[PDB]
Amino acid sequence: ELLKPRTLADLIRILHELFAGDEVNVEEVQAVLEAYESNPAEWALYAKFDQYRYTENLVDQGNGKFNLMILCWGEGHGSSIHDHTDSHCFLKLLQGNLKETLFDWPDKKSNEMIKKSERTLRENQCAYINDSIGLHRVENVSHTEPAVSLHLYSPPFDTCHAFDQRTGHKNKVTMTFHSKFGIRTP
């Protein structure tokens, strides 16, 4: 029974229940993430920005099943083109809007990566991606509005790949948290 999360704490409790097994219902997780009405009072603690790049702020470790984190995008901050290391990846906007560009996995001829599609993810919407759908870049193209998003990755992953849009060449990147449980972690 999927009920509407009344608070962020409620959402986290429901997520723990949804991931209690070894397989998850992607549509149910997306539905409950979308159903949580973003309340900045409840996530302000994690909304730790850096002037020069987006930050990743760990909220909950899902009893080993997932990493739940909040990403803080300054005006003009964007990500690499990247994969998600064979994990489910949910992205819910808590504030602002993000531009998502989808790419095909490159062939190993050093050619330009051509976009497959692009869309604007809007406040409170929850998107989903995995490696079978494609690669993506996420960007806050706003000049005036910081963006804040809530991400769930399952299983948790410690590394991923970033791709060069001009060649399709990839490099492995280690995931590091800007903060954990509201505490800055240099």
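Numbering starts at 1 and runs along the sequence shown.
*Per the entry, higher mean C-alpha B factor between 7-15 and 170-178*: Between 7-15 and 170-178, it is 170-178 that shows the higher mean C-alpha B-factor.
*In the PDB record, does 101-109 or 85-93 carry the higher mean Cα temperature factor?*
The recorded data point to 101-109.
_Quiz for you: based on the deposited Cα B-factor, which of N63, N140, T55, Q30 is highest?_
Highest C-alpha B-factor among the listed options: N63.
*So among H151, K48, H136, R122, who wins on Cα B-factor in the entry?*
The C-alpha B-factor peaks, among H151, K48, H136, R122, at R122.
_Ranked C-alpha temperature factor of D131 among modelled chain residues, by third_ = Tercile = middle for this residue's CA B-factor.
_Quick check on the deposited entry: does the C-alpha B-factor of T159 sit in the lowest, middle or highest third of its chain?_
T159: CA B-factor falls in the highest third of its chain.
*Ranked against its chain, the third holding the CA B-factor of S117*: Top third by C-alpha B-factor.
*Comparing against every modelled residue in the chain, figure out the third that the C-alpha B-factor of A44 lands in (lowest, middle or highest).*
Middle third by C-alpha B-factor.
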